[PDB]
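S.K.: here goes the first bit of my complex:
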Amino acid sequence: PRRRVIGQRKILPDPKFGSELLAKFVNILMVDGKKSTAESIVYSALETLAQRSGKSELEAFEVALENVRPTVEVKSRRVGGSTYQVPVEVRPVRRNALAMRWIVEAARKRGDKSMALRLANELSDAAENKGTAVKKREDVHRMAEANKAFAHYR
């Protein structure tokens, strides 16, 4: 907005693991205000992922996030009448949010049957670093590299 530095809104942590990040993921996943359903799906996915990959639900989830967060995105600065795609360093809250968003979209795309199954598969893929959300991040980075000449001349 023009004249607003509004206060960030309060998100409660999810009951199973007490995690704010996990709560945010659930919110992003949710559709039509159906939170209960979203949390069930997220928990199912986490449980399967933990069983498949290892340590905990939260550690596995974190690993996936680490492989899908973007360091740099691009904006379109339009000053000389034409638009320069400029790179820009993506701040941490955005990095988590964007990564989560990408993961959920990839999961939605994916061909497995249950949503939980798709989510688990996608997360595992992210952890390995051979999935589609990861591909998306790679594409974003590639664009930033291409437009690196317009990095610190905005």
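M.R.: Looks like it arrived, so ask away. Numbering: from 1, shown residues only, chains lettered A, B, ... in the order given.

S.K.: hey, let's count contacts and neighbours off CA atoms from now on
M.R.: Noted.

S.K.: for stretch A:105-124, list every residue counted as buried.
M.R.: By 16 or more other CA atoms under 10 Å, the buried positions in stretch A:105-124 come out as A:105-107, A:110, A:115-124.

S.K.: is it possible to get a markdown table of those residues that adds secondary structure and distance to residue A:42?
M.R.: Formatted as a markdown table, the buried residues of stretch A:105-124 follow (DSSP: H, G, I helix; E, B strand; the rest coil; distance: CA to CA, whole Å):
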| residue | secondary structure | distance to residue A:42 |
| --- | --- | --- |
| A:105 | helix | 14 |
| A:106 | helix | 15 |
| A:107 | helix | 12 |
| A:110 | coil | 16 |
| A:115 | helix | 9 |
| A:116 | helix | 7 |
| A:117 | helix | 10 |
| A:118 | helix | 11 |
| A:119 | helix | 8 |
| A:120 | helix | 9 |
| A:121 | helix | 12 |
| A:122 | helix | 12 |
| A:123 | helix | 11 |
| A:124 | helix | 14 |
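
S.K.: surely residue A:48 is in contact with residue A:121?
M.R.: No: with contact defined as CA atoms under 8 Å, residue A:48 does not reach residue A:121; the gap is 9.0 Å.

S.K.: go ahead and add chain B:
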Amino acid sequence: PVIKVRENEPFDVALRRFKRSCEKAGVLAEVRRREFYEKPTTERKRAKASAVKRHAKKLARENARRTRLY
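M.R.: Okay, chain B now, added to the rest:
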């Protein structure tokens, strides 16, 4: 704008001196002005405008800006 880096002079410092020397010389300005042919009339007109604006601004600041702004 010749510069020679003295003994124990940092590189950044050397760069700073070089830039300052160039600015003082006025090389970039000269090149930019000599990029295209300014007509003599254009040069005269620009000079006149610069003189008028400078004089007017100075008068306004010193004499006109001697009042209570608030």
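
S.K.: now that chain B has been added, could you go back to the buried residues of stretch A:105-124?
M.R.: Within stretch A:105-124, the residues scored as buried using 16 or more other CA atoms under 10 Å in any protein chain shown are A:105-107, A:110, A:115-124.

S.K.: got TSV for the residues you listed, with distance to residue A:61 too?
M.R.: Shown next, in TSV, are the buried residues of stretch A:105-124 (distance: CA to CA, whole Å):
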residue	distance to residue A:61
A:105	16
A:106	15
A:107	14
A:110	18
A:115	16
A:116	14
A:117	15
A:118	14
A:119	11
A:120	10
A:121	12
A:122	11
A:123	7
A:124	9
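
S.K.: from these, which is closest to residue A:68?
M.R.: residue A:123 (9.6 Å; CA to CA).

S.K.: contacts only, for the closest one.
M.R.: Listed by CA atoms under 8 Å, 6 or more residues apart in numbering or on different chains, the contact partners of residue A:123 are A:49, A:61, A:64, A:103.

S.K.: what is the burial count for the third one?
M.R.: A total of 24 residues lie near residue A:64 under the criterion other CA atoms under 10 Å in any protein chain shown.

S.K.: so how far is stretch B:30-43 from its chain's centroid?
M.R.: Centre-to-centre, stretch B:30-43 and its host chain are 16 Å apart (CA atoms, centre = their mean, to the nearest Å).

S.K.: and chain C on top of that:
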Amino acid sequence: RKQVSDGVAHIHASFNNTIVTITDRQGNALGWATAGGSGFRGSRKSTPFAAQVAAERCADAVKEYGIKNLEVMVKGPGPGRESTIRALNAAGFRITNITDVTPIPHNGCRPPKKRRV
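M.R.: That brings us to chain C, laid onto the chains above:
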């Protein structure tokens, strides 16, 4: 194959392009590089970053000659004019002298006509 230790870096920095040319102190060129050959075209090759990577490329090219000291002669009005020298220093030469050799006439030949844009 030869070694010289001390070169001159001629940074021709026009508005469109940056040419870097390392030479022996006498005038004979060792290696060169441009933002164009460095992989930038148009809006991208007329930038400081392009000049920097051109400089890096030039340094790499003349690595065979083992050049340690280097004096830089900057020419023209350019987006680099600084990036190139910074890059060269980073690439790791001792910058000894930095000289501007932009050719100003003493009211000589007529320039081309003014662009109407």
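
S.K.: what are the buried residues along stretch A:23-42?
M.R.: Result for stretch A:23-42 [16+ other CA under 10 Å]: buried residues A:23, A:24, A:25, A:26, A:27, A:28, A:29, A:30, A:38, A:39, A:41, A:42.

S.K.: what does the strand or helix carrying residue A:62 rub up against?
M.R.: Take DSSP states H and E as the rule and residue A:62 turns out to sit in helix A:57-68. Residues outside helix A:57-68 that contact it (CA under 8 Å, 6+ apart): A:17, A:46-47, A:49-50, A:53-54, A:96, A:99-100, A:102-103, A:123-124, A:126-127, A:129, A:133-134, A:137.

S.K.: the helices in chain B, which residues?
M.R.: Taking DSSP state H to define them, one finds helices in chain B at B:11-25, B:27-33, B:40-59.

S.K.: dump the residue contacts of the closest residue to residue C:93 other than its chain neighbours.
M.R.: Spatially, and ignoring its direct neighbours in sequence, residue C:93 is nearest to residue C:68 (5.3 Å; CA to CA, 6 or more residues apart in numbering or on different chains). By CA under 8 Å, 6+ apart, the contact list for residue C:68 reads C:5, C:6, C:7, C:93, C:94.
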